[PDB]
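A.B. asks: Return a 3D structure for these sequence lines:
(4 chains)
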There are 4 protein chains.
Amino acid sequence: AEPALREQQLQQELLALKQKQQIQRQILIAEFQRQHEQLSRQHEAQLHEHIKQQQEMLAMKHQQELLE
Amino acid sequence: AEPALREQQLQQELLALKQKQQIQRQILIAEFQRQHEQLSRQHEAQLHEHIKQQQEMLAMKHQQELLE
Amino acid sequence: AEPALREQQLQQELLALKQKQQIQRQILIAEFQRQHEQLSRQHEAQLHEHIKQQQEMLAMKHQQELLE
Amino acid sequence: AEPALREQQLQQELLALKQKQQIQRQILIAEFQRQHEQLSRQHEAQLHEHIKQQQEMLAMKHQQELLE
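C.D. replies: Numbering: from 1, shown residues only, chains lettered A, B, ... in the order given. Sharing the structure here:
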């Protein structure tokens, strides 16, 4: 056999290509989910950090007012 | 002034935060678009690469069979 | 001509396919950027909405404490 | 209790918000993974469709050339 073989080799190669690409897409999406959740938590911490300071601010505006 | 100052300092600090985060999102999306477009073209150059060989395959199959 | 014509037709149909696919990716990224910025701002409007209440909370805690 | 209570209510309401947003991020990424895998397969099906036709094209080019 020969052309029948190369005919069989390409078919399999092609079917192996699809399998490979679908996983790389999963990796690309996984890569991004990570970067995305990462920036999402940071943003969040800055916004919370705001809460833990918008606190002391409005706190000292009265927490000592009783002495001012 | 003073408490009114820290009050005004946080308000601006906040609005500055929003402006900042919204651009980091743009950088995150811009980052991914590039990664995404990158794999998309590779995947494609493999599938095309296939074309340029699934070619020489059926090619020498008959084009040579003619001499056989 | 004829087979040579079908050769040329497929080549053109190929280059045309590439162009179409690249824009669909763009429409896909565009679709996502929108959904992403959209949810991003909501999350934010809940975090701020929190600020505008974590405010009144500690407010009437002291703002009227002068009467308590 | 009361102010101490409204303090506890906000701390919980906050922790609850985080948990909610983190899942909406997941629903957002899941929505996109699907749109992405979906368009990735179509793209592919058009590239294969080109294979299963660039076939016949080069087929009849010779497969009948034996009679042309």
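A.B. asks: Contacts for stretch A:37-56 next, please.
C.D. replies: Stretch A:37-56 is contacted from outside by B:10, B:13-14, B:17, B:21, B:24-25, B:28, C:43-44, C:47-48, C:50-51, C:54-55, C:58, D:14, D:18, D:21-22, D:25, using CB atoms under 8 Å, 6 or more residues apart in numbering or on different chains. Just so you know, the C-beta spots here come from the backbone N, C-alpha and C atoms, and that holds for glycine as well.
A.B. asks: which SSE is the residue nearest to residue A:35 when sequence neighbours are not counted in?
C.D. replies: Nearest non-adjacent residue to residue A:35, counting by CB to CB, 6 or more residues apart in numbering or on different chains: residue B:28, 6.2 Å away. Using DSSP states H and E, residue B:28 sits in helix B:3-62.
A.B. asks: starting at the chain centroid, how far to that helix?
C.D. replies: 3 Å (CA atoms, centre = their mean, to the nearest Å).
A.B. asks: Compute the inter-axis angle for that helix and helix D:3-62.
C.D. replies: Per axes from the mean of the first three to the mean of the last three CA atoms, to 10 degrees, the angle that helix B:3-62 makes with helix D:3-62 is 20 degrees.
A.B. asks: roughly how far apart are residue A:19 and residue D:37?
C.D. replies: Separation of residue A:19 from residue D:37 (CB to CB, to the nearest Å): 13 Å.
A.B. asks: Among these two, which residue is more densely surrounded?
C.D. replies: For residue A:19 versus residue D:37, neighbours defined as other CB atoms under 10 Å in any protein chain shown are more numerous around residue D:37 (14 against 8).
A.B. asks: wait, does stretch A:6-13 make contact with chain D?
C.D. replies: No - residues of stretch A:6-13 contacting chain D under CB under 8 Å from any CB of the partner chain: none, with a closest distance of 9.0 Å.
A.B. asks: Touching that stretch from outside, list them.
C.D. replies: B:50, B:53, B:54, B:57, B:58, B:61.
A.B. asks: List only buried entries from those.
C.D. replies: Buried residues within the contacts of stretch A:6-13, counting neighbours by 16 or more other CB atoms under 10 Å in any protein chain shown: B:50, B:54, B:58, B:61.
A.B. asks: Now compare the contacts of stretch A:6-13 and name the two farthest from each other.
C.D. replies: B:50 and B:61 (15.9 Å; CB to CB).
A.B. asks: How many neighbouring residues does residue A:21 have?
C.D. replies: By the criterion of other CB under 10 Å, residue A:21 has 20 neighbours.
A.B. asks: distance of the residue nearest to it when sequence neighbours are not counted from chain C?
C.D. replies: Closest residue in space to residue A:21, ignoring its immediate chain neighbours: residue B:43 at 4.9 Å, by CB to CB, 6+ apart. Separation of residue B:43 from chain C (CB to the nearest CB, to the nearest Å): 10 Å.
A.B. asks: ok, now residue A:64?
C.D. replies: Using CB to the nearest CB, one gets 11 Å for the distance from residue A:64 to chain C.
A.B. asks: Please name the residues that touch residue A:3.
C.D. replies: So residue A:3 contacts B:57, B:60, B:61, B:65 (CB under 8 Å, 6+ apart).
A.B. asks: Switch these over to JSON lines; also include distance to residue B:3.
C.D. replies: Listed next are the contacts of residue A:3 as JSON lines, based on distance: CB to CB, whole Å:
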{"residue": "B:57", "distance to residue B:3": "80"}
{"residue": "B:60", "distance to residue B:3": "86"}
{"residue": "B:61", "distance to residue B:3": "86"}
{"residue": "B:65", "distance to residue B:3": "92"}
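A.B. asks: between those, which is closest to residue B:5?
C.D. replies: residue B:57 (77.4 Å).
A.B. asks: Run through the residues that contact that closest one.
C.D. replies: Shown in contact with residue B:57 (CB under 8 Å, 6+ apart): A:3, A:6, A:7, A:10.
A.B. asks: What's the local residue count around the second one?
C.D. replies: Translated: residue A:6. Using other CB under 10 Å, residue A:6 has 17 other residues around it.
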